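Visitor: Next input, structure requested:
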Amino acid sequence: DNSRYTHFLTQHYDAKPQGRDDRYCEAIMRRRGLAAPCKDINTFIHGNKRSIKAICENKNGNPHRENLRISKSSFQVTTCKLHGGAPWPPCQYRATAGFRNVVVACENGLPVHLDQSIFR
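Guide: Numbers count the residues shown, from 1 in each chain. There you are, the coordinates:
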């Protein structure tokens, strides 16, 4: 039942952004249904779905600490940090774009969970 891989996709994947700023985060967080109530922190990965799917293999992946997997290649990622202590909307965010490895959990060769803690 790959409905957790799709869920991952929805939360932590945006192929080809363009904008990667406040305006971006503030919009995408709402569109992906994470802005009611507002998620304190969330990161999106950009580029190939292939590259991310390949973290579960040894093609682009290693085993990480406690039954996780870390990418070999670094990814173009954008971290949306919620501004203010407001649990409910408006959700205003500060974007943090970067290039770095990603750590996920794979089930049936598909990533389902993204270790958010590594960002902040």
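Visitor: tell me the helices in the protein, going along the chain?
Guide: Here the chain has its helices, by DSSP state H, at 3-12, 22-31, 49-53.
Visitor: any idea which of those helices is most buried?
Guide: Mean neighbour count (mean count of other C-beta atoms under 10 Å) peaks for helix 22-31 among the helices of the chain, with a mean of 17. Quick note: C-beta positions are derived from backbone N, CA and C, even for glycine.
Visitor: Specify the angle between it and helix 3-12 in degrees.
Guide: Counting by axes from the mean of the first three to the mean of the last three C-alpha atoms, to 10 degrees, helix 22-31 lies at 150 degrees to helix 3-12.
Visitor: JSON lines please, covering the helices of the chain and showing distance to residue 37.
Guide: Conversion of the helices of the chain to JSON lines gives the following (distance: least, C-beta to C-beta, whole Å):
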{"stretch": "helix 3-12", "distance to residue 37": "15"}
{"stretch": "helix 22-31", "distance to residue 37": "11"}
{"stretch": "helix 49-53", "distance to residue 37": "27"}
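Visitor: what's the closest of those helices to residue 81?
Guide: Distance to residue 81, taken as C-beta to C-beta, is lowest for helix 22-31 among the helices of the chain, at 8.2 Å.
Visitor: Give me the helices and strands touching that closest one, please.
Guide: In this structure, helix 22-31 makes packing contacts with strand 75-82, strand 93-100, judged by 3 or more C-beta pairs under 8 Å, 6 or more residues apart in numbering; DSSP states H and E.
Visitor: Among those strands, show me which one is buried the most.
Guide: Highest mean neighbour count among those (mean count of other C-beta under 10 Å): strand 75-82, a mean of 20.
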